[PDB]
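Here the structure comes first, spelled out in structure tokens, and everything after it is commentary.
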Amino acid sequence: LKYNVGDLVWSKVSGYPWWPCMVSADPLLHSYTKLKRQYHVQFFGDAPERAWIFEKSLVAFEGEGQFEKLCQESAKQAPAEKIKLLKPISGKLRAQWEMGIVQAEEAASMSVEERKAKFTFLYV
Ligand SMILES: *[Se]c1ccccc1C(=O)Nc1ccccc1OC
């Protein structure tokens, strides 16, 4: 198993730029991994988003400097209209992504247990 709870990963979800996030357990399947292999991630930032991500869309987070290669490869690897599916980041989205980056670098400087304490979403 490539990742475990509290791992920081870049996650690619169709329709969004490559986004900092954390491996975490799904609130109602109480699992962080499964075979549909997928992993469950919380996306960092002010929106409390979460998703199941195929491992091929998951890259271990080292830091913001990985963003350019991720973005450029993903549009490089596209089978023309597929390459076009690579759209701009508005000012509002960029600030939301910059927020998520700031959380992810904080999280990366604590331990897995401190960042699990600080960043795990609270559910009903
Ligand atoms: Se990853 C990146 C870097 C710089 C500009 C745009 C992107 C990007 O991937 N944008 C994408 C890709 C797919 C859907 C939407 C969207 O931008 C919102």
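Lettering and numbering for the structure tokens are positional, with chains as A, B, ... in the shown order, residues counted from 1 in each chain, and ligands counted from 1 in the shown order.
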- Item | Which of stretch 46-106 of chain A DSSP labels alpha helix (DSSP H), written as a ChimeraX atom specification | /A:67-76,81-84,91-106
- Task: Would you list, as a list in words, the residues of stretch 3-73 of chain A that end up in strand (DSSP E or B) under DSSP run on this structure's backbone?
- Result: residues 8, 9, 10, 11, 19, 20, 21, 22, 23, 33, 34, 38, 39, 40, 41, 42, 43, 49, 50, 51, 52, 53, 54, 58, 59 and 60 of chain A
Since we have the selection now, will you write its residues out, keeping C-alpha atoms, as an mmCIF file, in the first residue's frame?
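Once everything was written out, this is selection_7.cif:
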```cif
data_model
loop_
_atom_site.group_PDB
_atom_site.id
_atom_site.type_symbol
_atom_site.label_atom_id
_atom_site.label_comp_id
_atom_site.auth_asym_id
_atom_site.auth_seq_id
_atom_site.Cartn_x
_atom_site.Cartn_y
_atom_site.Cartn_z
ATOM 1 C CA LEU A 8 0.124 14.404 1.723
ATOM 2 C CA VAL A 9 -0.524 13.890 -1.947
ATOM 3 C CA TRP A 10 -1.237 15.890 -5.014
ATOM 4 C CA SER A 11 -4.593 14.744 -6.388
ATOM 5 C CA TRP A 19 -4.719 20.007 -5.778
ATOM 6 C CA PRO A 20 -2.961 19.503 -2.417
ATOM 7 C CA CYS A 21 -4.718 17.060 -0.145
ATOM 8 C CA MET A 22 -4.374 14.452 2.623
ATOM 9 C CA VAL A 23 -5.050 10.732 2.718
ATOM 10 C CA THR A 33 -8.222 2.638 0.388
ATOM 11 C CA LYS A 34 -10.220 0.133 -1.755
ATOM 12 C CA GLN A 38 -8.339 4.156 -5.017
ATOM 13 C CA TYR A 39 -7.490 6.383 -2.049
ATOM 14 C CA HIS A 40 -9.641 8.776 -0.058
ATOM 15 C CA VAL A 41 -8.333 12.330 0.282
ATOM 16 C CA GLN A 42 -9.410 15.580 1.871
ATOM 17 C CA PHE A 43 -8.523 18.577 -0.296
ATOM 18 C CA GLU A 49 -13.873 18.800 -0.227
ATOM 19 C CA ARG A 50 -13.199 15.068 -0.417
ATOM 20 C CA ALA A 51 -13.082 12.427 -3.146
ATOM 21 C CA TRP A 52 -11.952 8.941 -4.094
ATOM 22 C CA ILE A 53 -8.917 9.076 -6.379
ATOM 23 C CA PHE A 54 -7.367 6.382 -8.549
ATOM 24 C CA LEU A 58 -2.151 10.650 -6.992
ATOM 25 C CA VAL A 59 1.363 12.061 -6.523
ATOM 26 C CA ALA A 60 3.237 12.270 -3.220
#
```
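Picture a line from atom CA of residue A:47 to atom CA of residue A:26; it runs 16.6 Å.
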- Query: What's the 10 Å shell around residue A:119, counting only C-alpha atoms, without same-chain residues fewer than 2 positions away, as a ChimeraX atom specification?
  - Reply: /A:6,22,24,42,44,103-104,107,114-117,121-122
Dump of N, CA and C atoms for the selected residues, as an mmCIF file, in the first residue's frame:
```
data_model
loop_
_atom_site.group_PDB
_atom_site.id
_atom_site.type_symbol
_atom_site.label_atom_id
_atom_site.label_comp_id
_atom_site.auth_asym_id
_atom_site.auth_seq_id
_atom_site.Cartn_x
_atom_site.Cartn_y
_atom_site.Cartn_z
ATOM 1 N N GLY A 6 -3.092 10.481 6.608
ATOM 2 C CA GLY A 6 -2.210 11.603 6.841
ATOM 3 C C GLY A 6 -1.112 11.808 5.809
ATOM 4 N N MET A 22 -4.826 15.384 1.592
ATOM 5 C CA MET A 22 -4.374 14.452 2.623
ATOM 6 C C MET A 22 -5.125 13.147 2.511
ATOM 7 N N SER A 24 -7.083 10.273 3.949
ATOM 8 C CA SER A 24 -7.897 10.189 5.151
ATOM 9 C C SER A 24 -8.978 9.143 4.946
ATOM 10 N N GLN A 42 -8.823 14.269 1.639
ATOM 11 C CA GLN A 42 -9.410 15.580 1.871
ATOM 12 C C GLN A 42 -8.590 16.575 1.077
ATOM 13 N N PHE A 44 -7.070 20.174 0.828
ATOM 14 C CA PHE A 44 -6.737 21.349 1.626
ATOM 15 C C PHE A 44 -7.347 22.617 1.027
ATOM 16 N N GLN A 103 -1.824 25.519 3.720
ATOM 17 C CA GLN A 103 -2.140 24.443 4.658
ATOM 18 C C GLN A 103 -1.256 23.224 4.431
ATOM 19 N N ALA A 104 -1.014 22.857 3.178
ATOM 20 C CA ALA A 104 -0.261 21.630 2.948
ATOM 21 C C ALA A 104 1.193 21.758 3.393
ATOM 22 N N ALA A 107 1.056 21.407 7.196
ATOM 23 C CA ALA A 107 0.884 19.985 7.462
ATOM 24 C C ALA A 107 2.168 19.197 7.224
ATOM 25 N N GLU A 114 0.292 14.934 14.468
ATOM 26 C CA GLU A 114 -0.176 16.312 14.603
ATOM 27 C C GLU A 114 -1.030 16.760 13.401
ATOM 28 N N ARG A 115 -0.627 16.424 12.164
ATOM 29 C CA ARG A 115 -1.454 16.915 11.073
ATOM 30 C C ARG A 115 -2.771 16.182 11.022
ATOM 31 N N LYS A 116 -2.810 14.900 11.391
ATOM 32 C CA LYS A 116 -4.127 14.280 11.502
ATOM 33 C C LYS A 116 -4.985 15.005 12.540
ATOM 34 N N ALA A 117 -4.394 15.408 13.673
ATOM 35 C CA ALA A 117 -5.174 16.134 14.670
ATOM 36 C C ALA A 117 -5.649 17.478 14.121
ATOM 37 N N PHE A 121 -11.136 16.398 8.812
ATOM 38 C CA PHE A 121 -12.478 16.961 8.802
ATOM 39 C C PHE A 121 -13.315 16.370 9.918
ATOM 40 N N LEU A 122 -14.182 17.195 10.493
ATOM 41 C CA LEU A 122 -15.179 16.730 11.446
ATOM 42 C C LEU A 122 -16.474 16.436 10.705
#
```
- Message: Using only C-alpha atoms and all ligand atoms, which residues of the polymer chains come no farther than 8 Å from ligand 1? I'd like the answer as a PyMOL selection string.
- Response: chain A and resi 13-18+67-68+70-72+74-75+85-90+93
- Between A:12, A:105, A:82, A:112, which one has atoms that come closest to residue A:65, using only C-alpha atoms?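 Among the listed residues, the smallest separation from residue A:65 belongs to A:105.
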Identify, on the basis of only C-alpha atoms, every residue whose closest approach to residue A:99 does not exceed 8 Å; exclude the query and any residue fewer than 2 positions from it along the same chain; express the result as a compact mmCIF listing (two decimals) with C-alpha atoms, in the first residue's frame.
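The resulting result_10.txt:
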```txt
# COMPACT_ATOMS: atom_id res chain seq x y z
CA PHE A 44 -6.74 21.35 1.63
CA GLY A 45 -8.19 24.86 1.52
CA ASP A 46 -11.31 26.58 2.76
CA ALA A 95 -6.42 32.20 -4.15
CA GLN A 96 -8.32 29.08 -3.03
CA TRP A 97 -5.51 26.92 -4.36
CA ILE A 101 -0.90 25.09 -0.56
CA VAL A 102 -0.33 27.10 2.60
CA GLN A 103 -2.14 24.44 4.66
```
